[PDB]
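Below you'll find only one chain, the form deposited in one PDB entry, shown as structure tokens.
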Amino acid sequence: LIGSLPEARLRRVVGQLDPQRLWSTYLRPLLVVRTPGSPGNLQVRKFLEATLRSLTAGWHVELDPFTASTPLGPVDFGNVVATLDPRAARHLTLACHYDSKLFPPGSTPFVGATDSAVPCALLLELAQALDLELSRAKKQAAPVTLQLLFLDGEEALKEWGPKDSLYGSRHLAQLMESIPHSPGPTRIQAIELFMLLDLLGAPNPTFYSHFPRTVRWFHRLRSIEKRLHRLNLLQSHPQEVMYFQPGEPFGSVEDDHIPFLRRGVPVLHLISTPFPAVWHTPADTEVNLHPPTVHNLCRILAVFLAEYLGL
């Protein structure tokens, strides 16, 4: 299709992905209890920061720390914000949440492998696999850069009503609205597209377009799935289209995009609906992930990113 990578550039891009790196260097370290305010959450925050700072492209990496009221009293939250080129007029923003949902004491510990350790790991792997190309685009002052958001506090702490959720995204969207950007006028308007990854890594996911505004990008993802299938680049993928489905959504849900959506940001919500079978149970673990699906999604996203940013 027009603006698609030539086959030769596509196979090179896919070949820069390293499945073992994704799994062991980016995913495995996240698979700990990481509820807001916990030591594990702080350790994951520092791991994300250090990993992002290590990329040779030289990202601007900053924390958005704050304290908020919760059903458990005041709790500290910290969003990790990585912007490749902070001088660029606008950016594609890819987002996910790095907290894990708090369960009661004496429960089987919940580590949220699909929700959202896999999303987090995918963003890290994409940034690393495309690091040389991203570095060159920044050095050329490309007018659209890349931003990665690792949001804290997406999950409710006690399922205690509508304000016990989305702590990090609500705070960050309000913060961005207060910060000037050129041309902006604020950092909210710098977001050209907000792509939220959530509930990824289970077998047999299904994705629908939730926002007519951004359906062209949903169609691009679907076309990339079909193309990779026909190129013999997907595993355990017997039908041409499995993940990106046509039609009205099975259902739409509140998530970290909402504070951005409400401020006019265009959103693509890349979330499995129906949710994974393991959703919000302690069986949402590494062993219940489907590795071929994880790597297939990584490949689809890598091609999407290279096409979107002209890498």
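Heads up, when I say rigid core I mean the largest set of C-alphas that superpose within 1.5 Å between the two forms. Residues that one form lacks are left out of the comparison. In case it trips you up, residue 1 is the first one in the sequence shown, and so on.
Just so you know, the form deposited with a small molecule bound exists too; it's not on screen, but the next bit is about it.
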The stretch from 31 to 39, 238 to 246, 66 to 74, 251 to 259 that lies within 4.5 Å of the small molecule in the deposited bound form, judged by heavy atoms, is 251 to 259
Note: exactly one of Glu125, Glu155, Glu225, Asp85 sits with a heavy atom within 4.5 Å of the small molecule in the deposited bound form, namely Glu155
In the deposited bound form, the residue from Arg263, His280, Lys46, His60 with a non-hydrogen atom within 4.5 Å of the small molecule is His280
Non-hydrogen atom contact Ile271 with the small molecule in the deposited bound form at 4.5 angstroms: yes
Exercise. Decide whether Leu199 counts as a contact residue for the small molecule in the deposited bound form under a heavy atom distance cut-off of 4.5 Å.
Key: yes
Counting only common residues, the segments between this form and the one not shown where three or more consecutive C-alphas all move by 2 Å or more on the rigid core are 160 to 162, 247 to 252
